[PDB]
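A single chain, nothing else alongside it, follows as structure tokens in the form deposited in one PDB entry.
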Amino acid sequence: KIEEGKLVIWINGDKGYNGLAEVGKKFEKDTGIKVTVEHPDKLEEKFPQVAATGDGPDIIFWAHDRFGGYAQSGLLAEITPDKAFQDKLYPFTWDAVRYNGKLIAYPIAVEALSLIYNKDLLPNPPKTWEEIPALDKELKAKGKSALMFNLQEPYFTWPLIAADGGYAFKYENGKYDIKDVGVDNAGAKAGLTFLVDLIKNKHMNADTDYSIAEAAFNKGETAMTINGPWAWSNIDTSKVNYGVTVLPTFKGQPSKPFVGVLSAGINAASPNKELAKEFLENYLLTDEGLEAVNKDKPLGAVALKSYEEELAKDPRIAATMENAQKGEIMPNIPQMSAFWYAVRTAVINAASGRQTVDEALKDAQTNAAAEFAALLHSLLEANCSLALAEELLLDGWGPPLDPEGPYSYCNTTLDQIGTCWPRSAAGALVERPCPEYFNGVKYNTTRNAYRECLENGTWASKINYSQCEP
């Protein structure tokens, strides 16, 4: 149940959310409408879970690729900008937020990855991926390192996997052919092999994630990183003399980043659709609104014509757009979700040596990761549905229940971790053993998770998993 008369907004913790709250602060001054900006972990997975029940933010911000699946599932409200407003933004940005001929979100900015390098350690950044090994050897001799970037999100390694021929879904005749996936072709294999080889040869570390890389680059410990415009801000603070340049080639071919369009979608269940529209159109998508967010974390090349004409000057934006051109706009089709999950698992497994490059990408081609998750999941679903069946059968057609027992129960449900919470009396604090398996990780089942059945016969929304370890 979303609150009528206010706006709750979800955006990723890496973006300029304090900037956005300032825009929300101006909206509140004028209208009296309180605007709350939140930045939950894994928001692009949380949103479809909670929005599916008429809950969640009024406005959601993410790159457009996830929006097709949201619109498909009926979770986004169709947006209705007028002619004049549509002329204010670039046509190709509207294209990205079009699903089934309807416009399902507001474009905000164009995002591409670029090579960020330290000018003091590297005056001349490499033109090619191939020179990086030698370069790391030169730098390990100075107690430094060549390159660090997020190995835990497929978005970062994709440019290199795509470079020599890897692709998501084949595009032709105005359509993505969902039967033609290029995740296991010669090019994709070459790209991932090179990456796995960098790790085997100790030029990179499988464990490396967003924080490690950022902290290492911003402390002058690694010479180069791979990141988006949102990252420039912290670099400015860290006082590293940095450049933003074209991504290195692989076997001569440009790296091909998947281009994102940061977008604002209105929740279909939100009772504040008019407020959301006003906020987005009249407050955010303005020079001042965008400038406020950009000054917190750079947005990249903004969708708004008049403001982009000022940012276009910045060579860092020029590099963003050059990389963007050598890359490719992401599909917004609902299958993008399964695609990313598959490529995430392939990259992690190949990097950690759990699978060979060939085995990992074969499973990515097959969709084996998402299918196993779906197998286990549907068993847990079936089981919790059965537990519900049994409760209902006994309740309705079983021997006359306790005249002086409680009356109102929280019903048997399954949370998104896979725990089946049994039917429980209002006011009860319920224990279940920690799940045995969650996201490829095993836990100690002799510890418990905790959840409260509230006095009103509803489940608490927050579930205590704090005690579950591996």
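Note that residue numbering follows the sequence shown and begins at 1.
Absent from the display: the form solved in complex with a partner chain. The rest refers to it.
The contact with the partner chain in the deposited bound form, taken as any heavy atom within 4.5 Å, belongs to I417 out of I417, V37, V430, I33. Checking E221, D287, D207, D120 against the partner chain in the deposited bound form, a heavy atom within 4.5 Å turns up for just one residue: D207. Within this chain, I463 lines the site of the partner chain in the deposited bound form, having a heavy atom no more than 4.5 Å away.
In the deposited bound form, at least one heavy atom of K42 sits within 4.5 Å of a heavy atom of the partner chain. In the deposited bound form, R354 approaches the partner chain with a heavy atom inside 4.5 Å.
Proximity of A77 to the partner chain in the deposited bound form falls outside the 4.5 Å heavy atom cutoff. With the partner left out here, the partner chain still marks one of 254-262, 346-354, 141-149, 314-322 in the deposited bound form; by a 4.5 Å heavy atom cut-off that stretch is 346-354.
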